[PDB]
Every structure is written in C-alpha cells, then in structure tokens.
C-alpha cells in the first residue's frame, strides 16, 4: 500500500528485538496469495537467509534457512491463523533460542536459531501483500 513491495530495510537483530509488519493479502485465499519474510545476512537479495518465513495463505507455512547458498531443513506448518480478506499484524520476536511469530496477537509459529540473529543485516518482505507498517525495535 503506502510501503513499496518488495520491501527492504537494513536491520540489526538481537535478543529482545521485535519486527512488526502490518499488511493485507492482495488476493482472496481461494487464489492462494503468498507472503514471504526473509532475514538476510547482507544487503543483497542473493545473500544467505537466517530466517525464511513463507505463508501460502489458506494452506501452509514453511520456514527454513539458506546457508552458503543452499536451503536447509524445511519446517512445514499447517497452522493458519490468517483470515481471508483481512488485514493482519505480524510480530516476529527474537528470543534467546528462537524466533517467535505472533499473528494478530496470537503465538502462531516458532523457529529455533540456526545462525546467530546478530548475523542479520537486512529484512525483506515480499510476494502477494500490501504493506502499511514495518518496524524493527531497537530498545534493548
């Protein structure tokens, strides 16, 4: 919407950081729009991905990392708190041992750290959404 998609913001993350994303799918769930959030190690889209979060709305969520160019072990979830046609608020919190993904205030997914969060230099949000808010917290 207001924010360009693909959306790119330089970022740093550590324990206590939160990434907050407000947006809306561009299609009804029957048409299977997607959402992707990638935490990258460099300011280049081809760089490694410490945390890859990909929603196929209405179907599934997959999480992974891309390390030295290669995708690692996929974690697949059928949990689907996102609501057809609705705006969502996505909150990704950096805990000591994992990322925790909140959807509309409800814990919905977690992913244990495979690479230290301090390796992140960039966050990208893309695929079939409009985006009205993006924030990384830097309070701690």
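Numbering follows the first chain given and starts at 1.
Comparing 72 to 80 with 38 to 46, which has the greater mean CA B-factor as deposited? Mean CA B-factor is higher for 72 to 80.
Using only C-alpha atoms and the B-factors in the entry, which stretch averages higher, 23 to 31 or 47 to 55? Mean B over CA atoms: larger for 23 to 31.
Third of the chain, ranked by Cα B-factor, where residue 110 sits: Residue 110: CA B-factor falls in the lowest third of its chain.
B-factor third for the C-alpha atom of residue 124 within its chain: According to the entry, residue 124 has a C-alpha B-factor in the chain's lowest third.
By its CA B factor, does residue 95 count among the lowest, middle or highest third of the modelled residues in the chain? Answer is highest: the recorded C-alpha B-factor places it there.
Would you mind ranking residue 135 by its C-alpha B-factor against the rest of the chain and naming the third, lowest, middle or highest? Lowest third, going by the recorded CA B-factors of the chain.
Ranking the modelled residues of this chain by C-alpha B-factor as given in the entry, is residue 18 in the lowest, middle or highest third? Its C-alpha B-factor belongs to the lowest third of this chain's values.
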